[PDB]
């Protein structure tokens, strides 16, 4: 496969087998026919970009009934509001500032911008969550951001001072088109800022469930620096974030317009020192992934043989990789509890575990809950103290399989 950033050769290091769409939740009576694709991950030989080897077409993932609602997490709501206030205090202080968000979802970030009276536009090609943002008074276009739609916004609205994307840029294999988009639309002195799951964290935590249809790229500072530079931008800041299992927020500016913070060089040097993107490191990760599969299935089967009940918690997109790679279905984990109405009373993809409202996780509790939404551990466990007090325990598989 050719690298989507530079056209280099991509070498595979992990093959997770045949997988369903991660965000497709079927009614129980639907035909058992699903779209499947081969999920495998490689690294570009030339620019070090780690990326999937098969693309899922955008319209199969993102469309009218896409079910992920960002605002379902209190930690994320606070995280995005704070980011919005930071932009309002720094990059959006001009006379007539403009901010564009790629992937605004339900408006989790842009509601703060809208509440400050700042001109803005959200790109949200999934119309059901777009309408939730529009109900908050946010300006949203139900389109994918790409060269042409960026051109159209530049023609009608002028340059954006900030273009921001969270948990969205890594989903877009046509990143070159997005970057052309950014070049057409960003002010000469603006910034393109994006935050996504960090390769460093994935490798350290063996958090392979971060790999699924919607995560095409696993960005690093080294690869993002290369990608920027090849397109006339420059990586000028990096910030590590705890959300979503570990992320980096990357700040890109037009080349030479701003001087990189010391943080960029320091993270580049740590990745080079730790051999983050070396093929050998990435294969060692792939072998750790198999070890986690084998320990998790051994545990789940032992639990069953010992007459212990087991459910899951959080109908994450990520969990589709776990259940389908590991072969875990309703035999072993009888239900998954989730707060999203459009995932409730439906079956998880590929493995077909029933999803039930989180309100149903109550006395009498199961013996064990497999914590799919482990990136939300603290928020979830805080709301489920009674479960743990009653003696129920969590099963985690990041960074290793363990119960607590």
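Residue numbers count along the first chain shown, from 1.
Peer 1: Determine, for stretches 324 to 332 and 133 to 141, which one has the higher mean CA B-factor as deposited.
Peer 2: Comparing averages over the C-alpha atoms only gives 133 to 141.
Peer 1: Quick one: say whether 23 to 31 or 349 to 357 has the higher mean Cα B-factor in the deposited entry.
Peer 2: Per the PDB record, 23 to 31.
Peer 1: At the C-alpha atoms, which of 277, 210, 309, 93 reaches the highest B-factor in this entry?
Peer 2: Spelled out: the listed residue with the top C-alpha B-factor is 93.
Peer 1: Between 365, 372, 66, 37, let me know which has the highest C-alpha B-factor in the entry?
Peer 2: Of 365, 372, 66, 37, 365 has the highest C-alpha B-factor.
Peer 1: So where's residue 194 on the chain's Cα temperature factor ranking, which third?
Peer 2: For residue 194, the deposited C-alpha B-factor lands in the lowest third.
Peer 1: Within this chain, which third does the Cα B-factor at residue 106 fall in: lowest, middle or highest?
Peer 2: According to the entry, residue 106 has a C-alpha B-factor in the chain's lowest third.
Peer 1: Could you say whether, by C-alpha temperature factor, residue 70 belongs to the lowest, middle or highest third of its chain?
Peer 2: Lowest third.
Peer 1: Would you please rank residue 201 by its C-alpha temperature factor against the other modelled residues of its chain and give the third it falls in: lowest, middle or highest?
Peer 2: Lowest third of the chain for residue 201's C-alpha B-factor.
Peer 1: Where does residue 247 sit by CA temperature factor within its chain: lowest, middle or highest third?
Peer 2: Its C-alpha B-factor, which the entry lists for residue 247, ranks in the lowest third among residues of this chain.
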